[PDB]
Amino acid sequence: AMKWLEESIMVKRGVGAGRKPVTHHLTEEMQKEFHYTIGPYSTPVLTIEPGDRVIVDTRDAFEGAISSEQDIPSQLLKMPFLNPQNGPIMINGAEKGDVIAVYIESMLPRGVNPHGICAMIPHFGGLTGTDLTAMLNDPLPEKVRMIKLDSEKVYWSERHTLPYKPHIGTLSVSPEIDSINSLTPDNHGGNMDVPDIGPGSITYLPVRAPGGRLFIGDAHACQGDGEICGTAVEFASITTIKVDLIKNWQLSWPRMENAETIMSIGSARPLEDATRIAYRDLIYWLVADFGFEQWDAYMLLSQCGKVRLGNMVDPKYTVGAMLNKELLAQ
């Protein structure tokens, strides 16, 4: 957003820092086929230089299959085939041990008279039995909400008009040899559904495949902590990002940064392990780059640490452990 970028890790360590960036338009025609698995086997759709900008025309989580409140999700969708992905985008010079920095500049709704979509998919959500939390109870009612929206507000209903706080649900890089579905978050990023990953945020992803192989998709107009019903307000967007490369920075999990905080993003089940992963990664980050002594960092976070529950519905839950940048002062 403002001048905090000057002190960001991306600007201070990114190799593309002072470059006049080339802006690429990743349209649907360039993408050709959207992907439902994130790995090293997909044919690259674009190759960029670190520091370049990319304007992505993303598709909603249902790849436009739902367009009416009278639609029936169980008849139009097949789990886990949600979150069609743009990519893979190749970053010149990226190799295992590096980090892709993704700065989201803006996110606007795409199409004339744009609509977002929230849905209650049978056997999927936070307060229902699913195919993982296998119960014998009947699934919840099958609902769909077509919500009108603009760059300022989300028109949920007569009673509630929500602010437009867009963010990317699925942001990731390829694993070394595995190919993970677009519904799962892991140590490569993925379907994290962390509300903070929107305009004014920089997400750091660990490279494990040559070229990085950046994937993006599943834009949300807004989202609650946990994305409890299974979906947020899913919409097609024009997401503009700046991608840079940090050389030889060993990360085990995704990290992000914004004007006010730094955050370690862990993903797993049960939810406590996702939280352990995040907090422990944050502690290692504080010791490595911010001069903290390990036990002091641990005990300090027991007084100042902040937690963001991302999703609690996907194959793996996602949690972000934060620390306010004011507490990083030496």
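In this text, residue numbers run from 1 along the sequence as written.
Undergrad: If you average the CA temperature factors over each stretch, which comes out higher, 132 to 140 or 196 to 204?
TA: The stretch with the larger mean CA B-factor is 132 to 140.
Undergrad: Using only C-alpha atoms and the B-factors in the entry, which stretch averages higher, 148 to 156 or 80 to 88?
TA: Looking at the recorded C-alpha B-factors, 148 to 156 comes out higher on average.
Undergrad: I'd like to know which of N113, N191, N187, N248 has the highest C-alpha temperature factor in the PDB entry.
TA: Highest C-alpha B-factor among the listed options: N113.
Undergrad: Of the options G169, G97, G212, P73, which has the highest CA B factor as deposited?
TA: Within the set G169, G97, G212, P73, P73 shows the top C-alpha B-factor.
Undergrad: In terms of the CA temperature factor given in the entry, to which third of its chain does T37 belong: lowest, middle or highest?
TA: Tercile = lowest for this residue's CA B-factor.
Undergrad: Can you tell me whether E260 has a C-alpha B-factor in the lowest, middle or highest third compared with the other modelled residues of the same chain?
TA: Highest third, going by the recorded CA B-factors of the chain.
Undergrad: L127's Cα B-factor: lowest, middle or highest third of the chain?
TA: Tercile = middle for this residue's CA B-factor.
Undergrad: Based on the deposited C-alpha B factors for this chain, I'd like to know if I104 is in the lowest, middle or highest third.
TA: It falls in the middle third of the chain.
Undergrad: Within this chain, which third does the Cα B-factor at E293 fall in: lowest, middle or highest?
TA: Middle third by C-alpha B-factor.
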